[PDB]
There are 2 protein chains.
Amino acid sequence: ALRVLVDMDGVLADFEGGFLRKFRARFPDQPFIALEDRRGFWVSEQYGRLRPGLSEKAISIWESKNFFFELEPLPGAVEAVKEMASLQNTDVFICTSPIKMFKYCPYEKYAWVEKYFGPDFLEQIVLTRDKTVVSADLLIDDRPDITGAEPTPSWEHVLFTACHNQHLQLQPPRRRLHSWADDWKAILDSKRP
Amino acid sequence: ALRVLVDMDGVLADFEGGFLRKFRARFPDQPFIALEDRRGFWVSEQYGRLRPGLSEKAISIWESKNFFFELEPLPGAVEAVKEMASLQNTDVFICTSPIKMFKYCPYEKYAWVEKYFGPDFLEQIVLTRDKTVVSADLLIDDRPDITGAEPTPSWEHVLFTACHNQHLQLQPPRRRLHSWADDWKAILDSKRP
Ligand SMILES: O=c1[nH]c(=O)n([C@H]2C[C@H]3O[C@](c4ccccc4)(P(=O)(O)O)OC[C@H]3O2)cc1/C=C/P(=O)(O)O
Ligand SMILES: O=c1[nH]c(=O)n([C@H]2C[C@H]3O[C@](c4ccccc4)(P(=O)(O)O)OC[C@H]3O2)cc1/C=C/P(=O)(O)O
Ligand SMILES: [Mg+2]
Ligand SMILES: [Mg+2]
């Protein structure tokens, strides 16, 4: 079977929108970064440049209970992955990194998957801080540079569009999946025998 | 670097001893299976044959809060893995499967690793129900038959001795690690260039 790894935050689950909503609600008198203006992968670094002490306040949002659990799915994500997993000769794993503060995040990621994909889909979860040691044909992930212990990962990394990466020019033959409305089936079919 | 995957339950953490202690304390008037007499990988199947309704009582032990967190390390396990991870050209990942009931288990496994190996070791955790999709040179695991989506895993599976597998004759050239007092370094060195 063709094997596809799908990232969670910024691909399945709307980490950026969730973060902004909760930040504004908790820190209504602080300045914030509109999603369109997000630059750089690390939210807290951008916030830290905007005002002193804002990096720590940003961090307190994703460390809070229910932050991960209450993320909304990105449009099309649940439908696409469900269809993808039902395709013949196609094994789909949700491959995601928990944050360092582990009190809520791993638990809530399991709970989120159960909620949107159902109990049977829990067998498809891989939690890891290193994706290069997970072998597959494809990795769909919004992070531009994915590295770790394995210098030559078996997967092709398809960059999932996010505001933070939308301007990035990629080194051919690297490619993008622009959203779940985009033609993911053609990408998968291009890797099949 | 040589890459080694190490299982948690029955290899690092004493799932069998922990289970028995808690079962006896919770169900003092039920019969139990002494560790020496454990047969078959699945604890609940053996308990279920011993008396009707015992399978469900067994399951309630590992579903309970603090079951995973309070497991004792197997003798030598923490020392060995710490030394192993400090070796040159050697990357060690703790590769473990959470149980289906996810309320406590993933969280407590992270907490256990932090407790025995320290915060920095949390980056080395891989949670998965499928180990065949994790690529490495070696997998040290007490489970005799490890299968999943990848029909030809890259690792050599070294069987870690447990009471449930201690009589098993293995198909050459399959081999065992008899305990952490056993010569794990020689096993690793045998895979190096
Ligand atoms: O896209 C993101 N942007 C972002 O700013 N963060 C935040 C949350 C927290 O995540 C981490 C993080 C680093 C690597 C992998 C997951 C999370 P940490 O666990 O180190 O605190 O990095 C610093 C912080 O940055 C996470 C993510 C999620 C990364 P992925 O989608 O899990 O790869
Ligand atoms: O060795 C074991 N023996 C055992 O009886 N169990 C119990 C706990 C529960 O674990 C499971 C289980 C199945 C596969 C992988 C982990 C756990 P489930 O999550 O399906 O309930 O299997 C049924 C039950 O069997 C777990 C383990 C731990 C298996 P690993 O060390 O995680 O591979
Ligand atoms: Mg992401
Ligand atoms: Mg085990």
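Following Swiss-Prot, chain B residues are numbered 35-227, in order.
From the backbone N, Cα and C atoms, a Cβ is placed for every residue, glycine too.
Swiss-Prot annotations:
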type	residues	note
ACT_SITE	B:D41	active site, nucleophile
ACT_SITE	B:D43	active site, proton donor
BINDING	B:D41, B:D43, B:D176	Mg(2+) binding site
BINDING	B:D43, B:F49, B:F75, B:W76, B:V77, B:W96, B:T130, B:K165	substrate binding site
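Sequence features, as recorded in Swiss-Prot, placed on the structure.
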residue : record                   : DSSP (3 states)
B:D41   : active site, nucleophile : coil
B:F49   : substrate binding site   : helix
B:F75   : substrate binding site   : coil
B:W96   : substrate binding site   : helix
B:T130  : substrate binding site   : strand
B:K165  : substrate binding site   : coil
B:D176  : Mg(2+) binding site      : coil
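Listed in chain order, the extra residues whose Cβ falls within 8 Å of the Cβ center of the Mg(2+) site residues B:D41, B:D43, B:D176 are B:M42, B:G44, B:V45, B:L46, B:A47, B:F49, B:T130, B:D175, B:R177, B:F194, B:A196. Neighbour density around each Cβ, counted as other Cβ atoms within 10 Å, peaks among the binding-site residues B:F49, B:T130, B:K165, B:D176 at B:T130. Residue density at B:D43 (active site, proton donor): 24 other Cβ atoms are found within 10 A of its Cβ, drawing on all protein chains shown. On its own chain, the residue listed as 'active site, nucleophile' has B:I128, B:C129, B:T130, B:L173, B:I174, B:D175, B:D176, B:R177, B:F194 as residues at least 6 apart in sequence with a Cβ closer than 8 Å to its own Cβ. Its Cβ taken as reference, B:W76 (substrate binding site) is surrounded by 12 other Cβ atoms within 10 Å in the chains shown. Listed in sequence order, the recorded positions among B:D41, B:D43, B:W96 whose CB lies under 6 angstroms from an atom of ligand 4 come out as B:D41, B:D43. For B:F75 (substrate binding site), the count of additional Cβ atoms within 10 Å of its Cβ stands at 15 [all protein chains shown]. In this structure the C-alpha atoms belonging to B:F75 (substrate binding site) and the residue listed as 'active site, proton donor' are separated by 12 Å. Over all protein chains present, the Cβ of B:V77 (substrate binding site) has 21 other Cβ atoms lying within 10 Å.
Taking the Cβ of B:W96 (substrate binding site) as reference, residues of its chain lying under 8 Å away and at least six apart in sequence are, in sequence order, B:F49, B:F53, B:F102, B:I133, B:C139. When the alpha carbons of B:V77 (substrate binding site) and the residue listed as 'active site, proton donor' are compared, the span between them is 13 angstrom.
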